[PDB]
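Participant: Take a look and give me a structure for this.
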Amino acid sequence: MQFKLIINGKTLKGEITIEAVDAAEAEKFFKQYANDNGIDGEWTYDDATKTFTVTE
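Facilitator: Numbers count the residues shown, from 1 in each chain. The structure is reproduced below:
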């Protein structure tokens with residue numbers, strides 16, 4: 001299904017969405033994406049909205 005990452009960063013704000021099978025596979029993608037974009041922060045996951053947040 002569609003998973004969302006809400007980015008509340010020092011440089012980048014925004015929202016990315018991907019298609020993934022599981023919240024676990026979505027997390028691996030999103031950690032790779034945060035890595036790639038120099039984002040290091042506090043994370044949550046909300047199952048109702050299928051949404052991770054990372055906040056710097």
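Participant: Okay, and residue 25 sits in which element?
Facilitator: Taking DSSP states H and E as the definition, residue 25 sits inside helix 23-36.
Participant: just the angle between the next helix or strand after that helix and helix 23-36, please?
Facilitator: Note on helix 23-36: by DSSP H and E, the next helix or strand toward the C-terminus is strand 42-46. Interaxial angle of strand 42-46 relative to helix 23-36 (axes from the mean of the first three to the mean of the last three C-alpha atoms, to 10 degrees): 150 degrees.
Participant: Show me what strand 42-46 is packed against.
Facilitator: strand 51-55 (3 or more C-beta pairs under 8 Å, 6 or more residues apart in numbering; DSSP states H and E). C-beta coordinates here come from the backbone N, C-alpha and C atoms, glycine included.
Participant: Could you rerun that using 10 Å?
Facilitator: Helices and strands touching strand 42-46, by 3 or more C-beta pairs under 10 Å, 6 or more residues apart in numbering; DSSP states H and E, are strand 2-8, helix 23-36, strand 51-55.
Participant: I'd like to know which of these lies nearest to residue 42.
Facilitator: strand 51-55 (5.1 Å; C-beta to C-beta).
Participant: would TSV of the helices and strands packed on strand 42-46 with mean neighbour count and distance to residue 14 be doable?
Facilitator: Formatted as TSV, the helices and strands packed on strand 42-46 follow (neighbours: other C-beta atoms under 10 Å; distance: least, C-beta to C-beta, whole Å):
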stretch	mean neighbour count	distance to residue 14
strand 2-8	18	5
helix 23-36	14	11
strand 51-55	18	11
